[PDB]
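What follows is one structure encoded as structure tokens, with my remarks underneath.
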Amino acid sequence: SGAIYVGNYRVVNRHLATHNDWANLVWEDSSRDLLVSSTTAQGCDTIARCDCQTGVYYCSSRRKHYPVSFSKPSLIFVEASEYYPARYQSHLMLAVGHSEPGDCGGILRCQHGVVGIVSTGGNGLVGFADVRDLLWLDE
Ligand SMILES: COc1ccccc1CCN1C[C@@H](C(N)=O)CC1=O
Ligand SMILES: [Zn+2]
């Protein structure tokens with residue numbers, strides 16, 4: 001689990017969104033595994049606006065933050081899971097790192113701010129849904 005809190009937005013994995021998220025919906029995209037809802041309180045996270053390919057992510061199944069090198073956002077085939085059939089997910093970045101299903105939502109960040117959230121993984125890989133192109137999160 002986990003979310004990004006920027007301005008009056010809450011960014012979560014679409015597959016982990018709550019009823020309150022759907023009832024206060026701003027935007028959602030199944031192909032990216034992202035959903036954004038509105039919040040009453042202002043958040044403290046800032047979004048990175050950069051082309052970093054190195055950063056640090058939070059892994060809840062280890063209670064640890066790990067430095068990683070990650071690929072550029074792209075269209076990647078993701079195996080069937082409890083939440084989606086096998087399909088191509090867009091704007092996804094891959095790295096070598098530990099992950100388990102409940103690690104989705106952990107933040108990946110660089111020197112500029114939040115880059116994205118854990119969305120996929122298995123067998124010593126972790127994938128992150130990029131948010132750096134979502135310029136409207138800043139206004
Ligand atoms: C960190 O995630 C994992 C790690 C190990 C094994 C599996 C996962 C997550 C599996 N997935 C992929 C998600 C998606 N399509 O974006 C939906 C889902 O349930
Ligand atoms: Zn950066």
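A note on labels: chains of the structure tokens are A, B, ... as shown, every chain counts residues from 1, and ligands are counted from 1 in their shown order.
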
If you count only C-alpha atoms, which residues fall within 9 Å of region 22-37 of chain A, apart from same-chain ones fewer than 2 positions away, as a list in words?
residues 8, 9, 10, 11, 12, 13, 14, 15, 16, 17, 18, 19, 20, 39, 87, 88, 89, 90, 91, 92, 119, 129, 130 and 131 of chain A

Would you write out, as JSON lines, a table of all residues in chain A that have an atom no more than 6 Å from an atom of ligand 1, listing for each the closest atom pair and the distance in Å to one decimal, considering only C-alpha atoms and all ligand atoms and ordering rows by chain and rising residue number?
```
{"residue": "A:33", "atom": "CA", "partner": "ligand 1", "partner_atom_place_in_ligand_line": "16 (O)", "distance": 5.2}
{"residue": "A:81", "atom": "CA", "partner": "ligand 1", "partner_atom_place_in_ligand_line": "19 (O)", "distance": 4.7}
{"residue": "A:82", "atom": "CA", "partner": "ligand 1", "partner_atom_place_in_ligand_line": "19 (O)", "distance": 5.1}
{"residue": "A:83", "atom": "CA", "partner": "ligand 1", "partner_atom_place_in_ligand_line": "19 (O)", "distance": 4.9}
{"residue": "A:84", "atom": "CA", "partner": "ligand 1", "partner_atom_place_in_ligand_line": "15 (N)", "distance": 5.6}
{"residue": "A:99", "atom": "CA", "partner": "ligand 1", "partner_atom_place_in_ligand_line": "4 (C)", "distance": 4.5}
{"residue": "A:100", "atom": "CA", "partner": "ligand 1", "partner_atom_place_in_ligand_line": "4 (C)", "distance": 3.6}
{"residue": "A:101", "atom": "CA", "partner": "ligand 1", "partner_atom_place_in_ligand_line": "3 (C)", "distance": 3.8}
{"residue": "A:103", "atom": "CA", "partner": "ligand 1", "partner_atom_place_in_ligand_line": "1 (C)", "distance": 5.1}
{"residue": "A:104", "atom": "CA", "partner": "ligand 1", "partner_atom_place_in_ligand_line": "1 (C)", "distance": 5.1}
{"residue": "A:118", "atom": "CA", "partner": "ligand 1", "partner_atom_place_in_ligand_line": "1 (C)", "distance": 6.0}
{"residue": "A:119", "atom": "CA", "partner": "ligand 1", "partner_atom_place_in_ligand_line": "16 (O)", "distance": 4.5}
{"residue": "A:120", "atom": "CA", "partner": "ligand 1", "partner_atom_place_in_ligand_line": "2 (O)", "distance": 3.7}
{"residue": "A:121", "atom": "CA", "partner": "ligand 1", "partner_atom_place_in_ligand_line": "4 (C)", "distance": 3.6}
{"residue": "A:122", "atom": "CA", "partner": "ligand 1", "partner_atom_place_in_ligand_line": "5 (C)", "distance": 3.7}
{"residue": "A:126", "atom": "CA", "partner": "ligand 1", "partner_atom_place_in_ligand_line": "1 (C)", "distance": 5.8}
```

Residues up to 8 Å from ligand 2, counting only C-alpha atoms and all ligand atoms: could you list those as a list in words?
residues 48, 49, 50, 51, 52, 53, 54, 55, 109, 110, 111, 112, 113 and 115 of chain A

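In this structure, CA of residue 76 (chain A) sits 17.4 Å away from CA of residue 133 (chain A).
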
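The nearest approach to residue 98 (chain A) among the residues A:136, A:66, A:77, A:128, with only C-alpha atoms taken into account, belongs to A:66.
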
Run DSSP on the backbone and give me the residues of region 33-94 of chain A it puts in strand (DSSP E), as an MDAnalysis selection string.
chainID A and resid 34:44 54:59 64:69 74:78 87:94

Keeping only N, CA, C and O atoms, take the residues you just selected and write them out as a short mmCIF file (atom, residue, chain, number, x, y, z; two decimals), in the first residue's frame.
```cif
data_model
loop_
_atom_site.label_atom_id
_atom_site.label_comp_id
_atom_site.auth_asym_id
_atom_site.auth_seq_id
_atom_site.Cartn_x
_atom_site.Cartn_y
_atom_site.Cartn_z
N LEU A 34 -2.86 3.62 -12.59
CA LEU A 34 -2.89 4.81 -11.73
C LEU A 34 -4.32 5.35 -11.52
O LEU A 34 -5.17 5.26 -12.44
N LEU A 35 -4.56 5.93 -10.34
CA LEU A 35 -5.80 6.63 -10.04
C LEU A 35 -5.44 7.79 -9.13
O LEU A 35 -4.60 7.66 -8.21
N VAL A 36 -6.10 8.93 -9.37
CA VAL A 36 -5.90 10.15 -8.59
C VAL A 36 -7.22 10.62 -8.04
O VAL A 36 -8.20 10.71 -8.81
N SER A 37 -7.30 10.85 -6.73
CA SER A 37 -8.51 11.37 -6.08
C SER A 37 -8.19 12.72 -5.43
O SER A 37 -7.02 13.11 -5.25
N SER A 38 -9.25 13.46 -5.08
CA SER A 38 -9.08 14.77 -4.44
C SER A 38 -9.04 14.65 -2.90
O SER A 38 -9.67 13.74 -2.33
N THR A 39 -8.29 15.56 -2.24
CA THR A 39 -8.13 15.53 -0.79
C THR A 39 -8.56 16.86 -0.18
O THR A 39 -8.47 17.91 -0.84
N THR A 40 -8.97 16.84 1.09
CA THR A 40 -9.34 18.07 1.77
C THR A 40 -8.07 18.79 2.25
O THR A 40 -7.93 20.01 2.06
N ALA A 41 -7.11 18.04 2.79
CA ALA A 41 -5.85 18.63 3.26
C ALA A 41 -4.77 18.64 2.18
O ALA A 41 -4.73 17.74 1.33
N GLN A 42 -3.86 19.62 2.23
CA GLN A 42 -2.75 19.74 1.30
C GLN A 42 -1.64 18.78 1.68
O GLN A 42 -1.34 18.60 2.87
N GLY A 43 -1.04 18.15 0.67
CA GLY A 43 0.06 17.21 0.87
C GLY A 43 1.42 17.86 0.79
O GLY A 43 1.56 18.98 0.30
N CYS A 44 2.45 17.08 1.20
CA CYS A 44 3.84 17.57 1.27
C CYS A 44 4.78 17.01 0.24
O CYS A 44 5.95 17.43 0.21
N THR A 54 18.27 6.97 -11.84
CA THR A 54 18.71 6.43 -10.57
C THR A 54 17.89 7.12 -9.45
O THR A 54 17.51 8.30 -9.57
N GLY A 55 17.59 6.35 -8.43
CA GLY A 55 16.80 6.89 -7.32
C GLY A 55 16.71 5.89 -6.20
O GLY A 55 17.54 4.98 -6.12
N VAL A 56 15.74 6.06 -5.29
CA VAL A 56 15.59 5.21 -4.12
C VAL A 56 14.12 4.86 -4.00
O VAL A 56 13.28 5.75 -4.16
N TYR A 57 13.80 3.59 -3.70
CA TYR A 57 12.39 3.24 -3.48
C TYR A 57 12.17 2.61 -2.11
O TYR A 57 13.07 1.98 -1.55
N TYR A 58 10.92 2.74 -1.60
CA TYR A 58 10.54 2.09 -0.35
C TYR A 58 9.94 0.72 -0.60
O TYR A 58 8.96 0.57 -1.34
N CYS A 59 10.50 -0.26 0.10
CA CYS A 59 10.07 -1.68 0.04
C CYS A 59 9.45 -2.09 1.38
O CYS A 59 10.19 -2.37 2.36
N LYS A 64 12.62 -1.14 4.25
CA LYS A 64 13.87 -0.53 3.84
C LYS A 64 13.72 0.24 2.55
O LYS A 64 12.91 -0.11 1.68
N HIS A 65 14.53 1.28 2.40
CA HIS A 65 14.67 2.06 1.18
C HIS A 65 15.91 1.58 0.44
O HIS A 65 16.99 1.48 1.04
N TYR A 66 15.78 1.29 -0.84
CA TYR A 66 16.90 0.75 -1.63
C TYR A 66 17.25 1.66 -2.78
O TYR A 66 16.34 2.07 -3.51
N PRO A 67 18.54 1.92 -3.01
CA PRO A 67 18.92 2.66 -4.24
C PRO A 67 18.80 1.75 -5.45
O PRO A 67 19.20 0.56 -5.39
N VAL A 68 18.31 2.30 -6.54
CA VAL A 68 18.15 1.50 -7.77
C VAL A 68 18.46 2.32 -8.99
O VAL A 68 18.26 3.52 -9.04
N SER A 69 18.84 1.60 -10.08
CA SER A 69 18.89 2.11 -11.45
C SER A 69 17.61 1.57 -12.14
O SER A 69 17.29 0.36 -11.98
N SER A 74 8.18 2.96 -20.31
CA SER A 74 7.89 2.30 -21.58
C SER A 74 6.71 1.34 -21.46
O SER A 74 6.11 1.18 -20.39
N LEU A 75 6.38 0.70 -22.60
CA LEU A 75 5.27 -0.24 -22.69
C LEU A 75 5.86 -1.64 -22.44
O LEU A 75 6.66 -2.14 -23.26
N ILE A 76 5.53 -2.23 -21.29
CA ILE A 76 6.10 -3.51 -20.82
C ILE A 76 5.00 -4.56 -20.59
O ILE A 76 3.92 -4.24 -20.04
N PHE A 77 5.27 -5.82 -20.95
CA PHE A 77 4.30 -6.89 -20.74
C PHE A 77 4.36 -7.30 -19.26
O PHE A 77 5.43 -7.48 -18.67
N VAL A 78 3.19 -7.30 -18.62
CA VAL A 78 3.08 -7.65 -17.22
C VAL A 78 2.21 -8.93 -17.13
O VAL A 78 1.11 -8.96 -17.69
N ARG A 87 -1.12 -8.37 -19.84
CA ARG A 87 -1.37 -7.25 -20.72
C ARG A 87 -0.10 -6.42 -20.78
O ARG A 87 0.83 -6.64 -19.99
N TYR A 88 -0.10 -5.40 -21.63
CA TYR A 88 0.94 -4.41 -21.69
C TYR A 88 0.51 -3.22 -20.83
O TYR A 88 -0.58 -2.66 -20.98
N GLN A 89 1.43 -2.79 -19.93
CA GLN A 89 1.23 -1.61 -19.07
C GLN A 89 2.13 -0.52 -19.61
O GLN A 89 3.31 -0.76 -19.90
N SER A 90 1.60 0.70 -19.74
CA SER A 90 2.37 1.81 -20.25
C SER A 90 2.98 2.64 -19.12
O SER A 90 2.57 2.53 -17.94
N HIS A 91 4.00 3.45 -19.50
CA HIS A 91 4.68 4.37 -18.60
C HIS A 91 5.28 3.61 -17.40
O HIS A 91 5.33 4.18 -16.28
N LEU A 92 5.76 2.41 -17.61
CA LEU A 92 6.31 1.56 -16.55
C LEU A 92 7.83 1.55 -16.67
O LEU A 92 8.38 1.47 -17.79
N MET A 93 8.51 1.59 -15.51
CA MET A 93 9.99 1.57 -15.43
C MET A 93 10.41 0.35 -14.61
O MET A 93 9.84 0.13 -13.54
N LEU A 94 11.39 -0.41 -15.06
CA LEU A 94 11.83 -1.60 -14.34
C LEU A 94 13.19 -1.44 -13.68
O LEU A 94 14.06 -0.72 -14.22
#
```

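All residues within chain A that the backbone DSSP calculation assigns to helix (DSSP H, G or I) are residues 14, 15, 16, 19, 20, 21, 22, 23, 30, 31, 32, 101, 102, 103, 135, 136, 137 and 138 of chain A.
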
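Here CA of residue 137 (chain A) is placed at a distance of 9.3 Å from CA of residue 46 (chain A).
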
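Taking CA of residue 6 (chain A) as the reference point, CA of residue 106 (chain A) is found at 14.9 Å.
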